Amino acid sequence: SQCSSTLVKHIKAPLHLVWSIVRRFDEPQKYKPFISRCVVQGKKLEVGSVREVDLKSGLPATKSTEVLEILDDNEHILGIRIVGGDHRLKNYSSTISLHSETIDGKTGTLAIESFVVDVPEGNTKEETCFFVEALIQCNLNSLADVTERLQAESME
């Protein structure tokens, strides 16, 4: 009744720049294309911070409420739970972690995003798992696009 998996993305941008985007729990729309708004009252970037995101129109859900569980700036780990929303995901926990990597002399970042979530009522484990994996993979591909563009702009 639970399911889990892990997605990865090789990003052609330095860890420090990628982390500077990923750690913004209060502004996931910096790179998540399915978020239209994000409101965080109270303390913004501390364990326990709560965010309410509005999803972009035409999606099968419209809102999510999420809590920051882990914000490790030394190890570059961002841990988040979903606690409310009108999507079908219950007890969803997310962990994204970044690791520097060097491919052919070129330094970059390996992003690894893992999840755990309940298998919804009517849906199956494969159904839920495959759906979430595609969404995370899309989000990690947007992260690469955003940070690789920022890397390029920094090159003047």
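From 1 onward, residues are counted along the sequence shown. Only the largest set of C-alpha atoms that superpose within 1.5 Å between the two forms is called the rigid core.
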- Top-deviation stretch by C-alpha RMS in 6 other deposited structures of this protein (rigid core reference), from 65-73, 52-60, is 52-60
- Message: So, in 6 other deposited structures of this protein, taking the root mean square over structures and residues of the Cα distances after a rigid core fit: is 122-130 or 109-117 the more displaced stretch?
- Response: 122-130
- Item | Stretch with the higher entry mean CA B-factor, where the candidates are 120-128 and 50-58 | 120-128
- Top Cα B factor in the deposited entry, candidates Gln29, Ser97, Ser93, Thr102: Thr102
- Of the three thirds of Cα B-factor ranks in this chain, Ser4 occupies the middle
- Quick one: classify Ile70 as lowest, middle or highest third of the chain based on its Cα B-factor. middle
- Among all modelled residues of this chain, ranked by Cα B factor, put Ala111 in the bottom, middle or top third, i.e. lowest, middle or highest. lowest
